[PDB]
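**Q** Okay, so the sequence shown: first residue is 7 according to the working numbering, each after it adds one. This is the structure I want to talk about, given as structure tokens.
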Amino acid sequence: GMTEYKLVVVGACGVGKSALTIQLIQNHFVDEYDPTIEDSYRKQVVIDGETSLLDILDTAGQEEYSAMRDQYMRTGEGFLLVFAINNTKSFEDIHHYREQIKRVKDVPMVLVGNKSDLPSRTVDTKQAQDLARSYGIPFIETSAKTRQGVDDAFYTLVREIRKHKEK
Ligand SMILES: Nc1nc2c(ncn2[C@@H]2O[C@H](COP(=O)(O)OP(=O)(O)O)[C@@H](O)[C@H]2O)c(=O)[nH]1
Ligand SMILES: *CCC(=O)Nc1ccc(Sc2cc(Br)nc(NCCO)c2)cc1
Ligand SMILES: [Mg+2]
């Protein structure tokens, strides 16, 4: 059989939410994608031997209330909290995005440090590991540019959802 999963990607403007989503649904790096386009995308993959259909909401546009975004998040099964490793403000914003999820939802989440390919790092991996431990969630490093860690981010979120569903 198969299993479907309703996923959401959040994080500051410009961290690579769309780039990560497009690496998952198209397998290449799309470096220019309208920052205002918020939509859900579907991709069938196989995770640990099971056919898995991932619906992914790539959040975008004005950071003002959107009822469709709110209703999708309220019924979302898992969330990626994305920051960019060369942007300290994006990392400092993670708590804000996690609070928004807690206000609308045990919630499966994965902390994602994107843009790992950039040498201009400002957030140490150890800093991010401390934050993910404080939340009780996994931390995964990614590069949407090289595809490093992309399947790890999404598939770890699916594995967290499976654990949650067993409770
Ligand atoms: N070097 C590098 N650039 C990235 C990566 N992910 C995204 N980008 C770039 O970061 C910018 C914002 O990406 P985008 O996907 O639009 O971010 P979003 O606003 O979170 O959807 C664009 O210029 C992308 O080309 C990555 O992993 N590495
Ligand atoms: C630069 C464009 C961009 O990335 N915009 C963007 C980032 C992240 C989100 S997620 C979000 C934002 C806001 Br104001 N509120 C919520 N609340 C939960 C759902 O109602 C989520 C959106 C846009
Ligand atoms: Mg985008």
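Where is the CB? At the ideal position from N, CA and C, for every residue including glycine.
For the region 117-127 against the region 140-156, do three or more pairs of beta-carbon atoms, one drawn from each stretch, fall closer than 8 Å, so that the two count as touching?
**A** yes
**Q** Using the DSSP secondary-structure output, state which residues sit across from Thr9 in a beta bridge.
**A** Numbered from its first residue, the sequence shown carries residue 9 at position 3. DSSP, once it has assigned bridges, lists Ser58 as partnering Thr9.
**Q** Which parts of the region 82-125 are runs of the beta strand (DSSP E), unbroken and 3 residues or longer, counting only runs that do not cross its ends?
**A** 84-90, 115-120
**Q** Does the distance between the C-beta of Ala66 and the nearest non-hydrogen atom of ligand 3 fall short of 7 Å?
**A** The count along the sequence shown starts at 1 and reaches residue 66 at position 60. Yes, ligand 3 has a heavy atom inside 7 Å of this Cβ.
**Q** For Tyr39, which of helix, strand or coil comes out of DSSP?
**A** Sequence index remark: in the sequence shown, residue 39 carries index 33 (1-based). Three-state DSSP puts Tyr39 in coil, outside helix and strand.
**Q** In the DSSP output, which residue or residues are listed as bridge partners for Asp45?
**A** As a position in the sequence shown, residue 45 is number 39, starting the count at 1. DSSP lists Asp64 as partners of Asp45.
**Q** Contact check, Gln68 vs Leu59 under 8 Å by CB: the rounded distance?
**A** Residue 68 sits at position 62 when you count from the first residue of the sequence shown. Residue 59 sits at position 53 when you count from the first residue of the sequence shown. About 29 Å; that fails the 8 Å criterion.
**Q** Using 7 Å as the cut-off, classify the Cβ of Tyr47 as near or not near the heavy atoms of ligand 3, replying yes or no.
**A** Within the sequence shown, the letter at position 41 stands for residue 47. It does not: the Cβ of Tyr47 is nowhere closer than 7 Å to a heavy atom of ligand 3.
**Q** So, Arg104 versus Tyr141, is the Cβ gap smaller than 8 Å?
**A** Locating residue 104 in the sequence shown gives position 98, where the first residue counts as 1. Locating residue 141 in the sequence shown gives position 135, where the first residue counts as 1. Contact flag set, yes.
**Q** Quick check: the Cα distance between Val164 and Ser126, rounded to an integer number of angstroms?
**A** By one-based count along the sequence shown, residue 164 stands at place 158. By one-based count along the sequence shown, residue 126 stands at place 120. Rounded to whole angstroms, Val164 to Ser126 spans 31 Å at the Cα level.
**Q** For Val14, which of helix, strand or coil comes out of DSSP?
**A** Stepping through the sequence shown from its first residue, residue 14 is reached at position 8. In the structure shown, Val14 sits in a strand (DSSP, three-state: E or B).
**Q** Do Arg75 and ligand 2 come close, with the Cβ less than 7 Å from some heavy atom?
**A** On the sequence shown, position 69 is the one that residue 75 refers to. Yes, the beta carbon of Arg75 sits closer than 7 Å to at least one heavy atom of ligand 2.
**Q** Cβ atoms of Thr94 and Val129: under 8 Å apart, would you say?
**A** Along the sequence shown, read from residue 1 onward, the residue named residue 129 stands at position 123. Along the sequence shown, read from residue 1 onward, the residue named residue 94 stands at position 88. Contact: yes.
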